[PDB]
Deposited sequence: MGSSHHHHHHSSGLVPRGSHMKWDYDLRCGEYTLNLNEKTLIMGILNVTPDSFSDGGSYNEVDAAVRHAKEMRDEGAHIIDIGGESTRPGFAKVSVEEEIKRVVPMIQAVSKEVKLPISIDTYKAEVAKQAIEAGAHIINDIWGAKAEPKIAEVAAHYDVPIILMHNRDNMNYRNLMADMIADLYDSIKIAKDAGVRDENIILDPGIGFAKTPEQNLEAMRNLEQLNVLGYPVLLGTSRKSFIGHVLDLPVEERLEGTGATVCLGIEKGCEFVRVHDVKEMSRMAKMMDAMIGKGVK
């Protein structure tokens, strides 16, 4: 099915062999590139490498921050993890300068929650270093004529921007952006119609880990969402996703792997 491998410089990721697990690195800052924060992050990456993660996702601005600062927090982390853990690292920013530094510092993949729309210059950063980029569906509003048709239109506007800036098709990964610009019911509608994004011809990453719509269904707080995340990973894999972005790496790797065996991937 994929006629190419994901080229990540040093590392290569095969897209046919298994669902690829992206481990979410919790970047809990010190009040002050300090030791407790860089060391707590290195140990966390190591735990996830050992639990079956294939990519470590490192973020500077967690939604729940000055550009100069985001770099000083995230660059030390990427240096320590890329040196100490043999996994590709994706950098979770939408800012072009942050992306630029992160890749100099050793990150392999760009992870852009605004799909090259917040700062179009980021795809030029991608085009240049020639790295894979994740384009996530997002918009600053929630008025959908047709949810899926709109997601697909919007994603396609990211691809144009990326392709225009010089991004090769083989470095494009898409993401339905679950939990962004979507009501809880829209989130479950995007889950139920995820296979639609396959028509765009690109690999899909799904990020549903512990998100608020799981809580809305199950009526359960963020720490009781492991079964609900599992269900979303399972439906995602069955609908064709190539990657899942999760906190619970041990549990999701096992669910991923059993899905893979059953659907014949």
{"item": "Gaps in the model, given as deposited-sequence positions counted from residue 1", "value": "1-21, 54-56, 89-93, 295-297"}
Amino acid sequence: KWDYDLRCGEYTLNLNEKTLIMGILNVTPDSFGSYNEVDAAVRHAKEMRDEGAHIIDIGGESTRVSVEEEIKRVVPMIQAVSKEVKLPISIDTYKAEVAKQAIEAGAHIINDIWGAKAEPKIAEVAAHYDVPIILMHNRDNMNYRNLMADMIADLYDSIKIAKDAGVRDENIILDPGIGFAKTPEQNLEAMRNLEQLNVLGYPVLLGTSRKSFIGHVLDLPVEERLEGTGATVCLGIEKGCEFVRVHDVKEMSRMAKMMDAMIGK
From here on, numbers count along this sequence of modelled residues.
{"item": "Missing coords for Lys211 in a third or more of other PDB entries", "value": "no"}
{"item": "Coordinates lacking for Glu61, a third or more of other entries", "value": "yes"}
{"item": "Mean Cα B-factor comparison, 38-46 or 22-30, giving the higher one as deposited", "value": "22-30"}
{"item": "Entry-level comparison of average CA B-factors, 66-74 and 207-215, reporting the higher stretch", "value": "66-74"}
{"item": "Entry-reported Cα temperature factor of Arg192, expressed as the chain third it lands in", "value": "lowest"}
{"item": "Ranked C-alpha temperature factor of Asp57 among modelled chain residues, by third", "value": "middle"}
{"item": "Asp248 - Cα temperature factor, lowest/middle/highest third of chain", "value": "middle"}
{"item": "Lowest, middle or highest third - CA B-factor, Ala261", "value": "lowest"}
{"item": "Where the record places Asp92 (Cα B-factor, split into thirds across the chain)", "value": "middle"}
